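Residue numbers (the entry's author numbering): 62 to 175, 185 to 345.
All residues carry an ideal CB built from backbone N, CA and C; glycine is no exception.
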């Protein structure tokens, strides 16, 4: 059950004036593509706070990648879901190497000691835990930093993020798995977008479905002596082709400024690669 929003004063949306004319803001299956200027964060914050929403953020930091955690977590504290309940799940082979980062109120961190690892870890071993503890799961790479707002505008049953290298590419150019012998296979005449494996999520239920499907597909591939060209990203793309995401995040949400600069189409760089 959802209680009424309170009275709010904000600019009237204008039917005959789009928020953004330079980009596609809705997919052909009527999922929003999230760009700056398309959402009023005050309305969304109200909607999600009224549901006392908890967001889980999963991150793997294995071997040398533990070095990335300090900046990852500190910047997440500045920019990720601020105002909402957040539970970080840090999967690592070195629990002692996790930095002690100061968290805001209503935010907590759990250290979970540990090609297929991530999908299996999220689906296989953590299923009951997540269902009991959070409403949404967000799965990201650790070698990143937040630079701007990443908030409840992303939350939806199932989302993927446009890969920053391919958002302008024709589908024939997408680096999907192209060998029919792989479960991740996508023909040259299929594909909506190329999603990056570094940022996906949704409700706990939908995320477990996705990770379970990808893990199963990867096991089949292993048994058949094949490894998809881009590993679990290839499988993520196959899954999101056949199960359309309910929102798609623009490349604001996954950018590499060193590699790609700062095009006019991006009003904000929100979550970026560490050089």
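Taking the C-alpha atoms as reference points, what is the distance between residue i and residue j?
{"i": "residue 290", "j": "residue 225", "result": "31 Å"}
{"i": "residue 207", "j": "residue 168", "result": "14 Å"}
{"i": "residue 248", "j": "residue 259", "result": "11 Å"}
{"i": "residue 190", "j": "residue 83", "result": "39 Å"}
{"i": "residue 237", "j": "residue 228", "result": "19 Å"}
{"i": "residue 123", "j": "residue 79", "result": "44 Å"}
{"i": "residue 184", "j": "residue 106", "result": "Note on the chain: consecutive modelled numbers read 175 then 185, so residue 184 has no coordinates in the structure shown."}
{"i": "residue 162", "j": "residue 150", "result": "13 Å"}
{"i": "residue 273", "j": "residue 298", "result": "26 Å"}
{"i": "residue 184", "j": "residue 312", "result": "The model of the chain omits the segment between 175 and 185, and residue 184 is among the residues lacking coordinates."}
{"i": "residue 204", "j": "residue 110", "result": "14 Å"}
{"i": "residue 319", "j": "residue 292", "result": "31 Å"}
{"i": "residue 141", "j": "residue 173", "result": "21 Å"}
{"i": "residue 296", "j": "residue 282", "result": "19 Å"}
Among the options, whose alpha-carbon lies nearest the alpha-carbon of residue i?
{"i": "residue 222", "options": "246, 197 and 116", "result": "116"}
{"i": "residue 87", "options": "135, 314 and 299", "result": "314"}
{"i": "residue 89", "options": "261, 282 and 213", "result": "261"}
{"i": "residue 332", "options": "129, 293 and 235", "result": "235"}
{"i": "residue 210", "options": "201, 192 and 335", "result": "192"}
{"i": "residue 279", "options": "341, 343, 239 and 194", "result": "194"}
{"i": "residue 181", "options": "198, 217 and 131", "result": "Here residue 181 is not present, the numbering of the chain passing from 175 to 185 in one jump."}
{"i": "residue 153", "options": "251, 187 and 144", "result": "187"}
In or out: residue i buried (at least 16 other Cβ within 10 Å) or exposed?
{"i": "residue 230", "result": "buried"}
{"i": "residue 287", "result": "buried"}
{"i": "residue 103", "result": "exposed"}
{"i": "residue 271", "result": "buried"}
{"i": "residue 268", "result": "buried"}
{"i": "residue 91", "result": "exposed"}
{"i": "residue 242", "result": "exposed"}
{"i": "residue 113", "result": "exposed"}
{"i": "residue 334", "result": "exposed"}
Does the beta carbon of residue i sit closer than 8 Å to a beta carbon anywhere in chain C?
{"i": "residue 122", "result": "Absence of chain C from the displayed structure is noted, only one protein chain being present."}
What is the C-beta distance between residue i and residue j, in whole angstroms, given that I count them as a contact (C-beta under 8 Å)?
{"i": "residue 138", "j": "residue 164", "result": "6 Å"}
{"i": "residue 215", "j": "residue 136", "result": "5 Å"}
{"i": "residue 120", "j": "residue 158", "result": "Incorrect: roughly 14 Å between the Cβ atoms, too far for contact."}
{"i": "residue 265", "j": "residue 310", "result": "5 Å"}
{"i": "residue 220", "j": "residue 340", "result": "5 Å"}
{"i": "residue 212", "j": "residue 129", "result": "5 Å"}
{"i": "residue 245", "j": "residue 300", "result": "6 Å"}
{"i": "residue 304", "j": "residue 254", "result": "4 Å"}
Segments assigned beta strand (DSSP E), at least 3 residues, entirely inside the segment 124-153
The qualifying runs are 146-153.
Which ranges would you report for the alpha helix (DSSP H) in the segment 284-343 if only whole runs of at least 4 residues count?
If one requires a minimum length of 4 residues, the alpha helix (DSSP H) runs lying completely within the segment 284-343 are 302-312 and 327-330, in chain order.
May I have a chain-ordered list of the beta strand (DSSP E) segments no shorter than 3 residues that lie completely inside the segment 185-241?
Within the segment 185-241, the complete beta strand (DSSP E) runs of at least 3 residues are 206-211, 214-216 and 228-231.
Pick out the complete alpha helix (DSSP H) segments inside the segment 73-133, 4 residues or longer, and give them in chain order.
As far as the segment 73-133 is concerned, its whole alpha helix (DSSP H) runs of at least 4 residues are 102-111.
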